[PDB]
Protein chains: 2
Amino acid sequence: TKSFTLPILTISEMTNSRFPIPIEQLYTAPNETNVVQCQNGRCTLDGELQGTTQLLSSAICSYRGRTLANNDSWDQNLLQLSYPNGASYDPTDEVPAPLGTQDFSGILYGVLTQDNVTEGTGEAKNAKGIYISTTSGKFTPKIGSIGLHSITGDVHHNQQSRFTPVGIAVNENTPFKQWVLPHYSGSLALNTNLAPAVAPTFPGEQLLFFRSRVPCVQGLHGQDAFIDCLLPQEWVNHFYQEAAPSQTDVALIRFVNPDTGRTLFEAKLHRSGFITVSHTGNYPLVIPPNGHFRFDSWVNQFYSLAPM
Amino acid sequence: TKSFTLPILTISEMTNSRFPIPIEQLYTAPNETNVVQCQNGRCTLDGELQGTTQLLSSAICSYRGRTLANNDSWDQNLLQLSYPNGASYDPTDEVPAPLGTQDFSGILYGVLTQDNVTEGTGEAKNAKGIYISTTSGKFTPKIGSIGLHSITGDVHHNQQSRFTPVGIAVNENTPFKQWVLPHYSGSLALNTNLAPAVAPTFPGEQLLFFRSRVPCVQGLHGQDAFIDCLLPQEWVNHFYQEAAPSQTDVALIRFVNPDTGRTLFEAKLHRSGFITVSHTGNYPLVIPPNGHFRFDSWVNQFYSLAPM
């Protein structure tokens with residue numbers, strides 16, 4: 001059997017699998033009312049991608065397609081989504097939405113670029129500041145269309161356009177809810193083909209998250225906007241490449257200080273692609289910057305982790 | 001000895017190592033007057049990062065630091081840099097510039113985000129559209145500071161800030177020159193610690209590039225802006241992880257169709273981290289979307305490739 005492995009990376013050498021920014025922290029907390037069911041960054045340990053997960057961090061929360069004028073004060077345009085190649089999106093694919101589609105509720109902010117303009121048009125005149133809100137009835141990426149609310153710049157009708165994500169935004173009636181999935185089909189249909197929700201099931205355990213601060217371009221004054229993922233993008237890509245057979249349901253892993261060899265904590269890496277630790281309460285881990293994970297062994301369902 | 005390998009990735013499954021966007025094409029061209037000496041996406045086959053190369057595509061052309069008011073006409077603020085991971089930047093570090101610094105001459109466009117603002121401040125009011133020009137006298141990232149030119153938004157003095165790249169720009173006196181390295185110390189000092197320039201040394205050979213179209217927010221009307229890299233970011237990260245010893249100075253690689261194994265063409269993968277092919281002239285390669293490179297064997301500098 002091909003041996004299971006992890007890449008050797010410090011946490012600042014990891015990318016959030018739900019937004020194209022580096023990991024900053026490890027964080028554990030109880031689920032309490034959150035249904036932890038993100039659709040990006042989902043991969044089994046033997047290499048099966050799930051949800052809307054694909055391999056490129058530069059495609060997470062990125063969209064492209066053709067703009068269409070829309071008679072609405074919020075979504076002045078729609079984006080008719082296309083694959084990177086240029087073909088129209090196919091809603092019959094067995095996925096929740098185009099791969100990389102945002103998997104949090106609220107407003108995604110970024111920049112739309114369109115047909116290039118002459119230099120004399122002015123500075124950054126082919127850059128449009130855009131809000132993509134999931135509370136809009138026009139957010140229907142599974143059907144092949146999303147709504148664009150423009151803030152700066154004139155969005156041209158019927159031009160091949162790219163959206164580059166920058167951060168999130170909170171306005172007066174649209175909170176940022178990272179654990180509330182969008183309705184990928186709007187009100188036409190419920191979500192389909194979802195990666196499963198995850199939770200600790202062993203006494204005393206909590207999920208462990210790879211945590212980043214996402215830029216927030218409106219609202220959340222004096223507050224941190226966090227985006228938490230279950231696997232860094234580098235682990236998704238590693239498991240996809242390696243496709244090592246999963247020998248049990250749980251891979252025992254440990255986070256070590258490479259200088260002293262000390263185990264800072266051990267953790268369960270579940271075969272469906274998430275981590276639990278033995279802890280009770282909200283806890284941003286205090287860990288040395290050079291620490292990294294190592295794979296120990298495949299364990300059974302009744303392994304009791306050392307408290308951390 | 002650990003065997004050298006390449007990741008199993010199609011070209012649309014890889015990221016440009018000089019700008020955070022997916023690869024779109026393979027492209028070969030003669031060097032003619034270009035000094036091909038990019039500093040991002042530089043890595044030896046045995047895993048030694050060079051130039052300004054680091055591991056995260058989400059850090060390429062990204063900057064972070066503290067803003068400082070400036071009385072220049074072009075740059076209303078400077079950004080006092082750190083490393084993209086947040087580690088303090090010392091100009092005495094043995095690098096050309098902070099890792100991920102842009103390695104093309106011209107204008108980089110993106111969005112600065114700063115301290116979060118109240119909802120009532122307005123839409124995208126913590127998003128500033130920025131030009132970072134390498135021809136500005138304040139582009140001195142090696143010294144620890146770059147100039148920020150405001151287009152949209154009010155850049156705040158003395159705030160911790162993040163710059164997210166979106167594309168490039170061409171104004172009336174600043175062309176986009178992807179093979180002219182910036183002066184990382186401006187006119188104050190010469191460039192240091194550079195990864196070497198590369199060129200075909202064998203008869204009938206040209207460099208093979210991984211090519212993307214970069215968004216252009218001003219200028220280049222009717223034209224596509226291209227950014228060409230020597231190695232995909234995923235190859236950089238793979239060589240860094242594997243650190244397989246290079247048995248000779250040249251690895252023979254084959255671009256194959258994985259279904260059957262038929263070789264479409266062969267190429268030389270050089271020890272310092274670049275590819276050559278046997279071709280004369282500018283040529284965007286025609287390749288099936290499912291093809292990928294595969295390591296064949298170690299050869300020398302005088303292996304004669306089949307023309308392609």
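Worth knowing before you read on, the calculation uses all heavy atoms, side chains too, and leaves out hydrogens, waters and symmetry mates. Letters go in sequence order (proteins before strands), and every chain restarts at 1.
Side-chain atoms of A:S57 and B:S57 include a donor-acceptor pair closer than 3.5 Å. When only modelled atom types and interatomic distance are considered, A:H221 and B:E119 share no side-chain donor-acceptor pair under 3.5 Å.
A side-chain donor-acceptor contact under 3.5 Å links A:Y131 to the backbone of B:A124. Looking only at distances, a side-chain donor or acceptor of A:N126 sits under 3.5 Å from a matching main-chain atom of B:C216. B:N116 places a side-chain N or O within 3.5 Å of a backbone atom of A:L220 that can act as its donor or acceptor partner.
The line from OG1 of A:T121 to CG of B:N171 is 12.5 Å long, rounded to the nearest 0.5 Å. Atoms CD and CD1, from A:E123 and B:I130 in turn, are 10.5 Å apart once rounded to the nearest 0.5 Å. If you take CZ on A:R213 and CZ on B:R162, they are separated by 8.5 Å, rounding to the nearest 0.5 Å.
When all heavy atoms of B:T113 and A:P215 are compared, the closest pair comes out as OG1-CB, 3.6 Å. Nearest heavy atoms, A:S58 versus B:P20: CB-O, 3.5 Å. In terms of heavy-atom proximity, B:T164 sits nearest to A:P165 at CG2-O, 4.1 Å.
In this structure, chain A has no heavy atom under 4.5 Å from any part of B:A59. For B:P84, no part sits under 4.5 Å from any heavy atom of chain A, backbone or side chain. If you measure heavy-atom distances from A:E24 to chain B, the contacts under 4.5 Å come from the side chain alone.
The environment of CG in B:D154 is sparse: at most 12 heavy-atom neighbours from other residues, nucleotides or ligands sit within 6.0 Å.
Of the listed residues (B:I107, B:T152, B:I21), the greatest number of heavy-atom pairs within a distance under 4.5 Å of chain A belongs to B:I21. Of the listed residues (B:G122, B:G153, B:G129), the one with the most heavy-atom contacts under 4.5 Å to chain A is B:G122. Among B:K125, B:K128, B:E13, the residue making the largest number of heavy-atom pairs under 4.5 Å with chain A is B:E13. The residue among B:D115, B:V166, B:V217, B:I8 with the most heavy atom pairs within less than 4.5 Å of chain A is B:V217.
Among residues 40-56 of chain B, the residues having any heavy atom closer than 4.5 Å to a heavy atom of chain A are, in sequence order, B:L55, B:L56. Contacts of residues 232-245 of chain B with chain A at a heavy-atom distance below 4.5 Å involve B:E234, B:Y240, B:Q241, listed in sequence order.
Residues passing the ring pair (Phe, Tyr, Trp, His ring centres under 6.0 Å) test with B:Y89, sequence neighbours excluded: B:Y83. For A:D228, the salt bridge (charged side-chain N to carboxylate O under 4.0 Å, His left out) partners are A:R211, not counting sequence neighbours.
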